[PDB]
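Asks: Using only what follows, build the 3D model:
(chains A and B)
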2 protein chains.
Amino acid sequence: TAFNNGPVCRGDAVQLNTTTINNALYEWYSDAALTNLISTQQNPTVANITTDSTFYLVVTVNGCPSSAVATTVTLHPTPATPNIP
Amino acid sequence: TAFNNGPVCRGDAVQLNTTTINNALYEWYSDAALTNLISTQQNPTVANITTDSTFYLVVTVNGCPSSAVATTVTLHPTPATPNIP
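Replies: Numbers count the residues shown, from 1 in each chain, chains lettered A, B, ... in the order given. Structure as follows:
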């Protein structure tokens, strides 16, 4: 399974998280097609999330890769322009 | 078994806790039906507890899941409006 941090500010970074499995290989992808690898860390951080986006996790254990797990990173609604004289 | 932190302020977060079991899988759910998974960490933190709420823990060891354990997070009674001239 995979989890994100809560909704993120437009210029901030999101730490992605998953379950620790002994001697597992983790692969995080930027796309459903699983062609663009971002990271192999268990808990990678993805910078500059300026839009809602998804990440896909594949975990390989014993030489047997899992299906991909999608997570969605939400962006926090932009605050209103302040009131000045 | 599962434990919470003490009563929490309305906008704060609560760390939930359980017993360490070697190579156990932990699953925390937001509901009794066990359909909405929140986290797989041993000691996850749940943000924005604005109301009394419960969490359910299921632990799987040796491929054998436990029954769910409920915990209740209490919210600290809101302080009174200050006295001003």
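
Asks: Assess the claim that residue A:53 and residue A:74 are in contact.
Replies: No. Applying C-beta atoms under 8 Å as the test, residue A:53 and residue A:74 come out as separate, 9.3 Å apart. Where C-beta positions appear, they are placed from N, C-alpha and C, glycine not excepted.

Asks: Pretty sure residue A:51 sits against residue A:74.
Replies: No. Distance between residue A:51 and residue A:74: 10.1 Å, which falls outside the contact criterion (C-beta under 8 Å).

Asks: Pick out whichever of the two has more residues nearby.
Replies: residue A:74 (14 against 8; other C-beta atoms under 10 Å in any protein chain shown).

Asks: how close does the closest residue to the more buried one other than its chain neighbours sit to chain B?
Replies: Nearest in space to residue A:74, with sequence neighbours left out and distances taken as C-beta to C-beta, 6 or more residues apart in numbering or on different chains, is residue A:7 at 4.2 Å. Counting by C-beta to the nearest C-beta, to the nearest Å, the gap from residue A:7 to chain B is 11 Å.

Asks: One more: residue A:77?
Replies: Distance from residue A:77 to chain B, by C-beta to the nearest C-beta: 15 Å.

Asks: how many neighbours does that residue have?
Replies: 7.

Asks: which SS class is it?
Replies: coil (DSSP: H, G, I helix; E, B strand; the rest coil).

Asks: For it, what are phi and psi?
Replies: Per-residue torsions, residue A:77: phi -60, psi 130 (degrees, to the nearest 10).

Asks: Quick one: residues contacting whichever residue of chain A sits closest to chain B.
Replies: Residue nearest to chain B within chain A: residue A:19 (4.8 Å; C-beta to the nearest C-beta). Counting by C-beta atoms under 8 Å, 6 or more residues apart in numbering or on different chains, residue A:19 makes contact with A:1, B:25, B:40.

Asks: And the second one, its phi and psi?
Replies: Summarising the backbone geometry of residue B:25 under the convention degrees, to the nearest 10, its torsions are phi -100, psi 130.

Asks: bridging residues for the closest residue in space to it that isn't next to it in sequence?
Replies: Counting by C-beta to C-beta, 6+ apart, residue B:25 lies nearest to residue B:60, which is 4.4 Å off, once chain neighbours are set aside. Judged by DSSP bridges, the bridge partners of residue B:60 are residue B:25, residue B:65.
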